[PDB]
Amino acid sequence: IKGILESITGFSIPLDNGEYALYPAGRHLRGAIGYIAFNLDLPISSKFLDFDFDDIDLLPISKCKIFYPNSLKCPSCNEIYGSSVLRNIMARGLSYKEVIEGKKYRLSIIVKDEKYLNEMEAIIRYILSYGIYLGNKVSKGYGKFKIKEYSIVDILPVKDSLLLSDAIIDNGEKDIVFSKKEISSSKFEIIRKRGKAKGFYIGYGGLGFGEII
Amino acid sequence: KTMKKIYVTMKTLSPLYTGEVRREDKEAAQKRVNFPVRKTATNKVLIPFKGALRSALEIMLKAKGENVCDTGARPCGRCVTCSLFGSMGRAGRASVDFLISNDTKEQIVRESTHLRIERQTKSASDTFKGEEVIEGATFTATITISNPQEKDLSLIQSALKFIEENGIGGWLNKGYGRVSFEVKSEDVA
Amino acid sequence: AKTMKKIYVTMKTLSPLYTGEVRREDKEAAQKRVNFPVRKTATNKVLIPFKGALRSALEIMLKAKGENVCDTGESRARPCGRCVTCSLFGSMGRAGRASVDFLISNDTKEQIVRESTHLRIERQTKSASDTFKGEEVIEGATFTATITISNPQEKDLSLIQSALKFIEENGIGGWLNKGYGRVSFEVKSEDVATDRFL
Amino acid sequence: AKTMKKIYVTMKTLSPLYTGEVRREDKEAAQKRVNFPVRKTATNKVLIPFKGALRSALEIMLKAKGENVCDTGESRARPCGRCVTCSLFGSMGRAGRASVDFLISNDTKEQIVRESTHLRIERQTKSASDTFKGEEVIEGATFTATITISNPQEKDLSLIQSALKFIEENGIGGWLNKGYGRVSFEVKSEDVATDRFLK
Amino acid sequence: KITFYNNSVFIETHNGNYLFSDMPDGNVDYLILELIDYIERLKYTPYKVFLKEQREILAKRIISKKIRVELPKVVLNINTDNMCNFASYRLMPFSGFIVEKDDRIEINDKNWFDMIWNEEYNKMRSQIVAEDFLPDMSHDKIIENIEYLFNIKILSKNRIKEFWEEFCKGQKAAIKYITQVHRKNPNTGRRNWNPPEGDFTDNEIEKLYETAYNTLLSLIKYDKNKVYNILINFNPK
Amino acid sequence: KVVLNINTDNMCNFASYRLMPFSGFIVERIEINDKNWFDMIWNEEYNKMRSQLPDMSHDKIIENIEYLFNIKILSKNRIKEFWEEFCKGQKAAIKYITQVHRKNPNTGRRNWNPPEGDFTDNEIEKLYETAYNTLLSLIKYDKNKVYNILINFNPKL
Amino acid sequence: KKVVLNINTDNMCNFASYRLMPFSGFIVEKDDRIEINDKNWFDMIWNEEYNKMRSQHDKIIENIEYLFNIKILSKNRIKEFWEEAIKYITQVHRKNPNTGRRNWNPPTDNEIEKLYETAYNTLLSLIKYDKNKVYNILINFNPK
Ligand SMILES: [Zn+2]
Ligand SMILES: [Zn+2]
Ligand SMILES: [Zn+2]
């Protein structure tokens, strides 16, 4: 799905060792659409609960095109992103960090099979009327993301030997952490892997995690 | 399943203060204004609105006679406000937006001088500048309630009337933040 | 906690009332015409700060009666948190029980606000050395406020009413020494519970 | 501190009283009928400035006596804050302890307010070369004001009464040269408590 | 108090005595409806009755019976009188303005709108001025003159603040500001300066105003960085 | 579409943008148009519901108002009152200037401020007629041009 | 030239079949493209031009114990000193010549001015001490 998401309200997404994700990842888009899909009775929620489905990250866009890889430099204009966008928030005995809103981000949800499109089109309609909430403190109003554009373009995969997002391969020096929090199961797990660094898609841990640019 | 979507329109009747939380933006603003209002980078105004709704429902349901936890203590998970506005485990059904202004900063946000006057000498002992929202400024929100019940619109509207009488944001005792909240409910299936 | 005190205050002006504009943008827009604008809303209604006047009234009266009452008037003075006006109006930790609203006028600026001319006259030659224009709120203009006391006590209303009669005696707003701000207050109280909305 | 002085003055008018209207819109409403409107409330009662008259009287006499008094009448003059009238009527860092109310008539408009005709006559010809109409306050009209001295001293009532007798001698406001505004004062003072309202 | 009769609700309040339609015996201040006999049999003839088009013809009979008949934010009139009587209707040929406030809706004439248009015109004109956004002395002499006029309070922090605001608006706006401030009034004899403190006469006061004029004139020819480093020492904001 | 229906003069240059402050009416073929439309529409419908100048040069205008301001025939009260009647229309200004200029038949006293100096009788009446013709011809100009002319003489119009 | 309304037309009235609206916007010539934009517009560009014009040892520890015990050298002071520092300390001690208002905290008046001077001395000396030494010194007094 080709589109542009505007962060209406800022998002807070923490990681280990002290740092924050400089933009929202595809796992958060996957989680939030899974939450909407369970709240709409659409039959894609079991596929969401499955963590190895390819059947179905959000990178910032530039003054040009998309920012490419903690700093993300622009390909053409060579504008710089990162560590001028994170902002510290001390609020009522809490100290977290967020991203300033008003910035535009890519859409990356590529359905490999046509059979669920309708379904994906349906939830895009919900987003186009209500918005998607990505990150921490979702119920406090944080992490709002409106859609500015929407279209559907088919994509042929890579016909080459860079990693725009991150990847999960063997043993790595880096460490990537995602989670599974199943509603109507009372289960939450901060599951751990190592993976490679950054700079079709998968490879090889998950569908909404790997990217080959 | 069904869900309830409540559009909250908000008109400001007495000036509104919500303190800015972004530290770098605060210290960028501290050379001029000692109390910057909570502002976006889209030059719009942010108001926390789940805390006011939850606190209003906690004091009202506690003074009615129901068994509701008082935050200020972990949430119990079995009361009405834990089933509606969240508990440590069970997420809240009622996601409540920030109260985003329909206008930008330059139309509604003004730097205003406040005093501290000596009681005997009757002169301005101290001085400060704080940013405040003008009155008649219209804020919008939409709150989303998943798997609603019968006592869903009534509790939200009653907490909304508690915020009308009490106020929202900071400097609540001085008369700041007295607002009026229109509403518009809809059911999405 | 089960009850709250609602004090509806209706105040009329017996003397012309001035309180000074606080918004810089509004004040710099107003000095192209007037030198001392009156503090108004963006809905063109006159606003007066009210918690400070009631608090100052209670501090002067309670200090002169003899109770152990702190003074928050001095420069960066800290409230103690032990006196009755620390409990009633605010402390450094505990919030104030009385949420004192602003004095919102009933009419707008074209009805009650009138720009006037003030002077400064030499004492020897008896000529007007200086002259400046200042807005003022007319006499008989009425204002509404609401004081909501949560966790009430028996003596909170007597304290608020005594502060109101002290504000009648001294004045509210600015230019109080020149005769401005003398007012008359009407009080309608009531006990409510907090679950009228429920 | 513990007590405050209350000075209720009741002033009756002996020669006609003019004090000019200040409000620009009230002026512009009244100049279609009267060229010199009198100062008036919205409740149709006559307002007179009182703090400046008492202050100017005290500065004039305490300057003629030789006491250290600043003048606050010259152009943009600021009070030093160490005088005797600087304590009573204020300075830049301290307010005045004597809050002086406006002189408000006990009667209303259209009962003490009378609109009259004034002249300017050629000296060589004896003809009315000009004519205007001004609004006065009749003689015997009674005005009531209150002075609240927050921190009373021994010499405050004597200073206030001396300034009142100077206002009797000079006139209170308006065309004081022509004979307007000659008034007389009746003073009733009491040392009330500050905590009298704390029942 | 609510009695009953043959279908009649007789709700007594503290304000008025309604009767929703045997007849009662007390005052029926408002009656809600051969019936004329039902009117005529009823003591203390009602103030105003509350009565498909036959109604109106019936209302004409109720009009002829000498009884008032009604056929089913506070608003104030700031209007004139004029008046007229056309087709048994007291009228007024007026076009105006409906003004909506928080509690009142008022009906105002075109004169009030002309009042509002004059205010809005005078507001708009004093926003955009000229080209928003010389003598010469040395920099150190500018320092000691601004220090000397700061000590005697001729150049104050507020004057330095408005000087910096008019300097940020450009050269000509600041020139207009200092020529307005140093403007000797021909009919009054004062300029818009703070008078100096100290035992002075008129000649040295006029000379000090002249050096204030020349110092603030020669500071305008300098760049913004020197002016900022010159005025932070006196006005830190 | 847009038809501006206003004079695009009085264009100052704030920053790098030739702006021009305006207050008017947007009327829907949308057409921005000034207060003269509201006068025309108000007279038209207010009467439809009731059914039961000299031309002297701008430089000479400015020079003559400056001359009469120096000799105090035209003053800040007169320039403000004439501006108030000019805002009330072009027919109230005619009435006000005629009322000030007129010689009362019994007294012979025109309502102008007398000149300051040693002017004789014919020169005084010539300057009174100069004030009449100058303020009469000034009305023929639009509100913005009248404002820039008199804003120099009275800075608080 | 082509003329574009940036103003909001979504508030109107109907008088004499004319859909009219009183407005107070400014007409801007812009390079053969005229526009009529609102007052907010001028507020925004007045702000933009203003921002464009704006683009140009044991005794020491015992003194800190006394001063933090009566809270003149309080927690935000220790923080902003850590955030720093000579120009800061100059800016938080300089007496205002008009009001005599030093920007310190209230703790006789002679003891107050001695305590204020004591603070300036202690604050200046601790900056003399190297980092870490002061940093550790300052942690058990205001942990942040
Ligand atoms: Zn609970
Ligand atoms: Zn206390
Ligand atoms: Zn003095």
# chains A, B, ... in the order shown; residues from 1 in each chain; ligands from 1

call {"tool": "interface_residues", "arguments": {"of": "chain G", "to": "chain D", "cutoff": "12 Å", "atoms": "only C-alpha atoms", "output": "mmCIF file with C-alpha atoms, in the first residue's frame"}}
result
data_model
loop_
_atom_site.group_PDB
_atom_site.id
_atom_site.type_symbol
_atom_site.label_atom_id
_atom_site.label_comp_id
_atom_site.auth_asym_id
_atom_site.auth_seq_id
_atom_site.Cartn_x
_atom_site.Cartn_y
_atom_site.Cartn_z
ATOM 1 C CA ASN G 98 15.719 49.312 41.172
ATOM 2 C CA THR G 99 14.124 46.783 43.550
ATOM 3 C CA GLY G 100 17.057 45.082 45.297
#

call {"tool": "residues_around", "arguments": {"residues": "residue 89 in chain D", "least_positions_apart": "4", "cutoff": "8 Å", "atoms": "only C-alpha atoms", "output": "short mmCIF file (atom, residue, chain, number, x, y, z; two decimals) with N, CA and C atoms, in the first residue's frame"}}
result
data_model
loop_
_atom_site.label_atom_id
_atom_site.label_comp_id
_atom_site.auth_asym_id
_atom_site.auth_seq_id
_atom_site.Cartn_x
_atom_site.Cartn_y
_atom_site.Cartn_z
N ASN C 177 -6.36 52.93 45.44
CA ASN C 177 -6.16 54.11 46.29
C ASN C 177 -6.88 55.33 45.73
N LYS D 51 -8.52 61.67 45.63
CA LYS D 51 -7.16 61.35 46.08
C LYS D 51 -6.16 62.39 45.62
N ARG D 55 -3.91 64.85 47.99
CA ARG D 55 -2.47 64.72 47.80
C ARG D 55 -1.84 66.06 47.42
N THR D 85 3.66 62.65 52.67
CA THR D 85 2.61 62.37 51.71
C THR D 85 2.93 61.16 50.84
N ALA D 95 2.58 51.13 47.98
CA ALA D 95 1.28 51.74 47.74
C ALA D 95 0.93 52.70 48.87
N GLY D 96 -0.11 53.48 48.65
CA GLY D 96 -0.60 54.38 49.68
C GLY D 96 -1.39 53.63 50.73
N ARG D 97 -1.12 53.96 51.99
CA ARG D 97 -1.87 53.36 53.08
C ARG D 97 -3.29 53.91 53.14
N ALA D 98 -3.48 55.15 52.72
CA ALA D 98 -4.80 55.80 52.73
C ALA D 98 -5.45 55.60 51.37
N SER D 99 -6.26 54.56 51.25
CA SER D 99 -7.10 54.37 50.07
C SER D 99 -8.24 55.37 50.12
#

call {"tool": "closest_atom_pairs", "arguments": {"of": "chain B", "to": "chain A", "cutoff": "7 Å", "atoms": "only C-alpha atoms", "output": "CSV"}}
result
residue,atom,partner,partner_atom,distance
B:1,CA,A:40,CA,6.0
B:21,CA,A:89,CA,5.2
B:22,CA,A:89,CA,4.8
B:23,CA,A:88,CA,5.5
B:24,CA,A:87,CA,6.7
B:40,CA,A:101,CA,7.0
B:41,CA,A:101,CA,5.9
B:42,CA,A:102,CA,5.4
B:50,CA,A:140,CA,6.0
B:95,CA,A:139,CA,4.0
B:96,CA,A:139,CA,5.5
B:97,CA,A:141,CA,3.9
B:98,CA,A:141,CA,4.7
B:146,CA,A:39,CA,6.6
B:189,CA,A:40,CA,6.8

call {"tool": "write_last_selection", "arguments": {"atoms": "C-alpha atoms", "output": "PDB file, in the first residue's frame"}}
result
ATOM      1  CA  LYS B   1     -18.542  -6.495  17.777  1.00  0.00           C
ATOM      2  CA  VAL B  21       6.419  19.137  28.982  1.00  0.00           C
ATOM      3  CA  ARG B  22       9.086  19.123  26.250  1.00  0.00           C
ATOM      4  CA  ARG B  23      12.299  20.016  28.092  1.00  0.00           C
ATOM      5  CA  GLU B  24      14.240  21.348  25.097  1.00  0.00           C
ATOM      6  CA  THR B  40       2.770  20.912  19.350  1.00  0.00           C
ATOM      7  CA  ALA B  41       5.374  21.250  16.616  1.00  0.00           C
ATOM      8  CA  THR B  42       2.372  21.834  14.327  1.00  0.00           C
ATOM      9  CA  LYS B  50      -7.693  10.841  29.977  1.00  0.00           C
ATOM     10  CA  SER B  95      -8.806   5.340  24.487  1.00  0.00           C
ATOM     11  CA  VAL B  96      -9.038   9.053  24.888  1.00  0.00           C
ATOM     12  CA  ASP B  97      -7.409  11.499  22.488  1.00  0.00           C
ATOM     13  CA  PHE B  98      -5.428  14.561  23.387  1.00  0.00           C
ATOM     14  CA  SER B 146     -14.190  -0.978  22.476  1.00  0.00           C
ATOM     15  CA  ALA B 189     -19.904  -1.839  13.870  1.00  0.00           C
TER      16      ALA B 189
END

call {"tool": "residues_near_ligand", "arguments": {"ligand": "ligand 2", "cutoff": "6 Å", "atoms": "only C-alpha atoms and all ligand atoms", "output": "MDAnalysis selection string"}}
result
chainID C and resid 69:70 79:83 86

call {"tool": "interface_residues", "arguments": {"of": "chain C", "to": "chain E", "cutoff": "10 Å", "atoms": "only C-alpha atoms", "output": "number ranges by chain"}}
result
C: 29-30, 32-33, 43-44, 106-108, 110, 128-130

call {"tool": "residues_near_ligand", "arguments": {"ligand": "ligand 3", "cutoff": "8 Å", "atoms": "only C-alpha atoms and all ligand atoms", "output": "PDB file with C-alpha atoms, in the first residue's frame"}}
result
ATOM      1  CA  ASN D  68      10.775  67.043  52.876  1.00  0.00           C
ATOM      2  CA  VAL D  69       7.991  66.414  50.369  1.00  0.00           C
ATOM      3  CA  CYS D  70       8.400  65.354  46.792  1.00  0.00           C
ATOM      4  CA  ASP D  71       6.142  66.717  44.107  1.00  0.00           C
ATOM      5  CA  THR D  72       4.234  64.339  41.944  1.00  0.00           C
ATOM      6  CA  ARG D  78       8.181  59.961  40.470  1.00  0.00           C
ATOM      7  CA  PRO D  79       7.768  59.827  44.190  1.00  0.00           C
ATOM      8  CA  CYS D  80      10.895  59.208  46.230  1.00  0.00           C
ATOM      9  CA  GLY D  81       9.134  57.208  48.948  1.00  0.00           C
ATOM     10  CA  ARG D  82      10.559  58.928  52.042  1.00  0.00           C
ATOM     11  CA  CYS D  83       8.097  61.826  52.393  1.00  0.00           C
ATOM     12  CA  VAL D  84       5.046  62.169  54.623  1.00  0.00           C
ATOM     13  CA  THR D  85       2.606  62.368  51.710  1.00  0.00           C
ATOM     14  CA  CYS D  86       4.570  59.537  50.050  1.00  0.00           C
ATOM     15  CA  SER D  91       5.229  55.829  45.854  1.00  0.00           C
TER      16      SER D  91
END

call {"tool": "interface_residues", "arguments": {"of": "chain F", "to": "chain E", "cutoff": "7 Å", "atoms": "only C-alpha atoms", "output": "PyMOL selection string"}}
result
chain F and resi 12-15+21+23+46+49-50+87

call {"tool": "residues_near_ligand", "arguments": {"ligand": "ligand 1", "cutoff": "6 Å", "atoms": "only C-alpha atoms and all ligand atoms", "output": "short mmCIF file (atom, residue, chain, number, x, y, z; two decimals) with C-alpha atoms, in the first residue's frame"}}
result
data_model
loop_
_atom_site.label_atom_id
_atom_site.label_comp_id
_atom_site.auth_asym_id
_atom_site.auth_seq_id
_atom_site.Cartn_x
_atom_site.Cartn_y
_atom_site.Cartn_z
CA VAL B 68 -13.34 2.38 42.91
CA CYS B 69 -9.58 2.65 43.45
CA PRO B 75 -5.30 0.01 39.83
CA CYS B 76 -7.34 -2.90 41.15
CA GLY B 77 -8.62 -4.26 37.83
CA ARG B 78 -12.16 -4.94 39.07
CA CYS B 79 -13.70 -1.47 39.42
CA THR B 81 -12.74 2.95 36.16
CA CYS B 82 -10.32 0.06 35.67
#

call {"tool": "residues_around", "arguments": {"residues": "residue 125 in chain F", "least_positions_apart": "4", "cutoff": "12 Å", "atoms": "only C-alpha atoms", "output": "ChimeraX atom specification"}}
result
/F:73,101-103,108-110,112-115,119-121,129-132

call {"tool": "write_last_selection", "arguments": {"atoms": "C-alpha atoms", "output": "mmCIF file, in the first residue's frame"}}
result
data_model
loop_
_atom_site.group_PDB
_atom_site.id
_atom_site.type_symbol
_atom_site.label_atom_id
_atom_site.label_comp_id
_atom_site.auth_asym_id
_atom_site.auth_seq_id
_atom_site.Cartn_x
_atom_site.Cartn_y
_atom_site.Cartn_z
ATOM 1 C CA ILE F 73 -7.464 77.251 11.590
ATOM 2 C CA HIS F 101 -17.906 77.124 7.475
ATOM 3 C CA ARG F 102 -21.272 78.913 7.583
ATOM 4 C CA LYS F 103 -21.616 82.544 8.629
ATOM 5 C CA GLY F 108 -21.267 86.812 11.405
ATOM 6 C CA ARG F 109 -19.080 84.316 13.276
ATOM 7 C CA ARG F 110 -17.841 81.300 11.358
ATOM 8 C CA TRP F 112 -13.659 77.780 12.424
ATOM 9 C CA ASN F 113 -10.833 78.288 14.859
ATOM 10 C CA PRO F 114 -9.530 81.848 14.243
ATOM 11 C CA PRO F 115 -6.072 82.142 12.651
ATOM 12 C CA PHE F 119 -4.068 88.526 9.317
ATOM 13 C CA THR F 120 -6.546 91.201 8.254
ATOM 14 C CA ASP F 121 -10.256 90.670 7.530
ATOM 15 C CA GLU F 129 -12.691 79.760 2.231
ATOM 16 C CA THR F 130 -9.389 77.929 1.643
ATOM 17 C CA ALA F 131 -10.209 75.625 4.575
ATOM 18 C CA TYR F 132 -13.728 75.110 3.185
#

call {"tool": "residues_around", "arguments": {"residues": "residue 24 in chain F", "least_positions_apart": "5", "cutoff": "9 Å", "atoms": "only C-alpha atoms", "output": "PyMOL selection string"}}
result
(chain F and resi 32-35+38) or (chain G and resi 21-25)

call {"tool": "atom_distance", "arguments": {"atom1": "CA of residue 41 in chain D", "atom2": "CA of residue 103 in chain D"}}
result
11.1 Å

call {"tool": "select_by_dssp", "arguments": {"residues": "chain F", "states": "strand (DSSP E or B)", "output": "ChimeraX atom specification"}}
result
/F:2,14,17-18,24-27,30-33

call {"tool": "write_last_selection", "arguments": {"atoms": "C-alpha atoms", "output": "PDB file, in the first residue's frame"}}
result
ATOM      1  CA  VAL F   2     -12.389  37.275  -8.215  1.00  0.00           C
ATOM      2  CA  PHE F  14       6.149  45.070   4.859  1.00  0.00           C
ATOM      3  CA  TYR F  17       5.755  41.610   0.440  1.00  0.00           C
ATOM      4  CA  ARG F  18       3.757  44.585  -0.914  1.00  0.00           C
ATOM      5  CA  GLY F  24     -14.367  44.710   3.317  1.00  0.00           C
ATOM      6  CA  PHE F  25     -17.016  42.210   2.212  1.00  0.00           C
ATOM      7  CA  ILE F  26     -16.716  38.907   0.352  1.00  0.00           C
ATOM      8  CA  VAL F  27     -19.832  38.464  -1.799  1.00  0.00           C
ATOM      9  CA  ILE F  30     -16.970  35.565  -5.878  1.00  0.00           C
ATOM     10  CA  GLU F  31     -16.318  39.307  -5.635  1.00  0.00           C
ATOM     11  CA  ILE F  32     -14.415  40.994  -2.787  1.00  0.00           C
ATOM     12  CA  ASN F  33     -15.840  44.520  -2.553  1.00  0.00           C
TER      13      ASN F  33
END

call {"tool": "residues_around", "arguments": {"residues": "residue 173 in chain A", "least_positions_apart": "4", "cutoff": "9 Å", "atoms": "only C-alpha atoms", "output": "PyMOL selection string"}}
result
chain A and resi 194-197

call {"tool": "residues_around", "arguments": {"residues": "residue 17 in chain A", "least_positions_apart": "3", "cutoff": "12 Å", "atoms": "only C-alpha atoms", "output": "list in words"}}
result
residues 14, 20, 21, 174, 175, 176 and 177 of chain A

call {"tool": "write_last_selection", "arguments": {"atoms": "N, CA and C atoms", "output": "mmCIF file, in the first residue's frame"}}
result
data_model
loop_
_atom_site.group_PDB
_atom_site.id
_atom_site.type_symbol
_atom_site.label_atom_id
_atom_site.label_comp_id
_atom_site.auth_asym_id
_atom_site.auth_seq_id
_atom_site.Cartn_x
_atom_site.Cartn_y
_atom_site.Cartn_z
ATOM 1 N N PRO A 14 10.116 3.248 23.355
ATOM 2 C CA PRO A 14 11.404 2.983 24.006
ATOM 3 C C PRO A 14 12.044 1.669 23.577
ATOM 4 N N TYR A 20 15.644 5.360 22.069
ATOM 5 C CA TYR A 20 14.285 5.380 21.557
ATOM 6 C C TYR A 20 14.352 5.191 20.048
ATOM 7 N N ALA A 21 13.368 4.486 19.495
ATOM 8 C CA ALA A 21 13.299 4.308 18.052
ATOM 9 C C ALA A 21 12.957 5.635 17.385
ATOM 10 N N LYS A 174 24.308 -6.761 17.456
ATOM 11 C CA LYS A 174 23.167 -5.946 17.844
ATOM 12 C C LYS A 174 22.102 -6.797 18.531
ATOM 13 N N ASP A 175 21.112 -6.116 19.105
ATOM 14 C CA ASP A 175 20.038 -6.788 19.821
ATOM 15 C C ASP A 175 18.715 -6.103 19.527
ATOM 16 N N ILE A 176 17.767 -6.880 19.016
ATOM 17 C CA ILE A 176 16.432 -6.412 18.664
ATOM 18 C C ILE A 176 15.411 -7.140 19.525
ATOM 19 N N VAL A 177 14.408 -6.400 19.997
ATOM 20 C CA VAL A 177 13.434 -6.894 20.969
ATOM 21 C C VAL A 177 12.051 -6.477 20.488
#

call {"tool": "residues_around", "arguments": {"residues": "residue 168 in chain D", "least_positions_apart": "2", "cutoff": "10 Å", "atoms": "only C-alpha atoms", "output": "list in words"}}
result
residues 11, 13, 14, 162, 163, 164, 165, 166, 170, 171, 172, 181, 182, 183, 184 and 185 of chain D

call {"tool": "write_last_selection", "arguments": {"atoms": "N, CA and C atoms", "output": "mmCIF file, in the first residue's frame"}}
result
data_model
loop_
_atom_site.group_PDB
_atom_site.id
_atom_site.type_symbol
_atom_site.label_atom_id
_atom_site.label_comp_id
_atom_site.auth_asym_id
_atom_site.auth_seq_id
_atom_site.Cartn_x
_atom_site.Cartn_y
_atom_site.Cartn_z
ATOM 1 N N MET D 11 -19.456 65.875 52.265
ATOM 2 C CA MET D 11 -19.099 67.187 51.759
ATOM 3 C C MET D 11 -20.295 67.810 51.062
ATOM 4 N N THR D 13 -21.924 71.206 49.010
ATOM 5 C CA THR D 13 -21.453 72.122 47.990
ATOM 6 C C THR D 13 -22.038 73.506 48.260
ATOM 7 N N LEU D 14 -21.182 74.531 48.254
ATOM 8 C CA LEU D 14 -21.595 75.887 48.597
ATOM 9 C C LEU D 14 -21.687 76.828 47.403
ATOM 10 N N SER D 162 -6.422 68.673 57.514
ATOM 11 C CA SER D 162 -5.774 69.873 56.984
ATOM 12 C C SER D 162 -5.905 69.964 55.465
ATOM 13 N N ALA D 163 -5.747 68.831 54.773
ATOM 14 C CA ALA D 163 -5.975 68.810 53.331
ATOM 15 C C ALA D 163 -7.437 69.079 52.996
ATOM 16 N N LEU D 164 -8.360 68.641 53.860
ATOM 17 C CA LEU D 164 -9.778 68.921 53.636
ATOM 18 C C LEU D 164 -10.085 70.409 53.762
ATOM 19 N N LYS D 165 -9.488 71.082 54.755
ATOM 20 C CA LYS D 165 -9.653 72.535 54.882
ATOM 21 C C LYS D 165 -8.998 73.285 53.722
ATOM 22 N N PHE D 166 -7.894 72.762 53.169
ATOM 23 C CA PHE D 166 -7.332 73.372 51.961
ATOM 24 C C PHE D 166 -8.243 73.184 50.755
ATOM 25 N N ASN D 170 -9.557 76.197 48.485
ATOM 26 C CA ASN D 170 -9.268 76.297 47.058
ATOM 27 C C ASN D 170 -10.385 75.810 46.148
ATOM 28 N N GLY D 171 -11.211 74.886 46.600
ATOM 29 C CA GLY D 171 -12.097 74.199 45.690
ATOM 30 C C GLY D 171 -11.595 72.801 45.373
ATOM 31 N N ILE D 172 -12.538 71.930 45.037
ATOM 32 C CA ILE D 172 -12.264 70.510 44.897
ATOM 33 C C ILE D 172 -11.950 70.128 43.453
ATOM 34 N N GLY D 181 -16.827 75.017 42.735
ATOM 35 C CA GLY D 181 -16.312 73.946 43.557
ATOM 36 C C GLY D 181 -15.984 74.298 44.988
ATOM 37 N N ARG D 182 -16.453 75.433 45.496
ATOM 38 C CA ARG D 182 -16.214 75.780 46.892
ATOM 39 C C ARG D 182 -17.148 74.952 47.762
ATOM 40 N N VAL D 183 -16.574 74.090 48.595
ATOM 41 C CA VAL D 183 -17.316 73.089 49.337
ATOM 42 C C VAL D 183 -16.971 73.203 50.817
ATOM 43 N N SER D 184 -17.693 72.439 51.634
ATOM 44 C CA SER D 184 -17.366 72.275 53.041
ATOM 45 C C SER D 184 -17.501 70.808 53.421
ATOM 46 N N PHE D 185 -16.732 70.406 54.431
ATOM 47 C CA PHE D 185 -16.534 69.011 54.805
ATOM 48 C C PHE D 185 -17.004 68.767 56.233
#

call {"tool": "decode", "arguments": {"residues": "range 110-116 of chain A", "atoms": "N, CA, C and O atoms", "output": "mmCIF file, in the first residue's frame"}}
result
data_model
loop_
_atom_site.group_PDB
_atom_site.id
_atom_site.type_symbol
_atom_site.label_atom_id
_atom_site.label_comp_id
_atom_site.auth_asym_id
_atom_site.auth_seq_id
_atom_site.Cartn_x
_atom_site.Cartn_y
_atom_site.Cartn_z
ATOM 1 N N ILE A 110 2.661 -4.588 2.257
ATOM 2 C CA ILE A 110 2.576 -5.177 0.929
ATOM 3 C C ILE A 110 2.001 -6.578 1.049
ATOM 4 O O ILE A 110 2.668 -7.502 1.530
ATOM 5 N N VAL A 111 0.750 -6.739 0.625
ATOM 6 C CA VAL A 111 0.051 -8.011 0.739
ATOM 7 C C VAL A 111 0.487 -8.890 -0.440
ATOM 8 O O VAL A 111 0.401 -8.497 -1.611
ATOM 9 N N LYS A 112 1.087 -10.046 -0.131
ATOM 10 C CA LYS A 112 1.680 -10.870 -1.184
ATOM 11 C C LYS A 112 0.631 -11.666 -1.946
ATOM 12 O O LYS A 112 0.829 -11.986 -3.123
ATOM 13 N N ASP A 113 -0.510 -11.900 -1.290
ATOM 14 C CA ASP A 113 -1.620 -12.606 -1.924
ATOM 15 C C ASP A 113 -2.824 -11.689 -2.045
ATOM 16 O O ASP A 113 -3.081 -10.887 -1.154
ATOM 17 N N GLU A 114 -3.586 -11.813 -3.124
ATOM 18 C CA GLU A 114 -4.710 -10.920 -3.359
ATOM 19 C C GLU A 114 -5.890 -11.199 -2.440
ATOM 20 O O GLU A 114 -6.738 -10.315 -2.261
ATOM 21 N N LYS A 115 -5.925 -12.383 -1.815
ATOM 22 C CA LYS A 115 -7.141 -12.897 -1.191
ATOM 23 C C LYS A 115 -7.542 -12.110 0.052
ATOM 24 O O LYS A 115 -8.723 -12.096 0.418
ATOM 25 N N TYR A 116 -6.592 -11.440 0.702
ATOM 26 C CA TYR A 116 -6.896 -10.605 1.855
ATOM 27 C C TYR A 116 -6.968 -9.117 1.526
ATOM 28 O O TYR A 116 -7.144 -8.316 2.455
#
